[PDB]
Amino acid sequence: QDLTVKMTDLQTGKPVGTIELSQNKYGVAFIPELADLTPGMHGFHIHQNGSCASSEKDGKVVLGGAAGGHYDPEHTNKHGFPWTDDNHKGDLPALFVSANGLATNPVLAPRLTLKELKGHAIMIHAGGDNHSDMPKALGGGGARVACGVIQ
C-alpha cells in the first residue's frame, strides 16, 4: 500500500528516479526523487491516458504524446491553478530542479485524491507553468521530458 511512480526521460529512455504519491487531509502530496533534469521550474501535470508512449501530429513525433492531454474529469477545457476549480484537475504546482539537476521539493495538489490517479500518467515538461493558456497554451510547458504511469 505504498506504490511509488518510476519516471523515465522521454528523450533518452533512461530512468531518472521516482515520485512518491501520498494522500493526506489536504490532498495528494508529490515527493520527487529525480535527477538528470534541467535546472529551473518545470510544468508538472497529471495526464488523461495511462501511457508514456509517443504519439503523432501532422507528421511529427510527439514524445509522451500517447498520454493525451491534461487530466480533465470535469471537462473544463482550460488550464489554471492547482487551487482553482474551472480548469484541468490534473494541473499541479510546478516542479523545481536544482542547479545539480535534482528535484526533491515536494508539492501538493489539494483538488486530487490518490484513488482517482491510478492508471493515469505523470508528466514533467521542458518549460515552466504560469497556470494559464496565455501567452502560451498549457502554461507554456512545451515538450514532455519525463513521464511515468501511476500504477
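Position 1 is the first residue in the sequence shown; the rest follow in order.
Looking at mean Cα B-factors across 65-73 and 114-122, the upper value is held by 114-122.
For the pair 56-64 and 25-33, the mean Cα B-factor is higher in 56-64. Sort the modelled residues of the chain by CA B factor and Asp133 lands in the middle third. The deposited CA B-factor of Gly50 belongs to the highest third of values across its chain.
In the deposited entry, the Cα temperature factor of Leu102 places it in the middle third of its chain's modelled residues. Ranked by C-alpha B-factor against the other modelled residues of its chain, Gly13 falls in the highest third. Annotation for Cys147: CA B-factor lies in the middle third of the chain's modelled residues.
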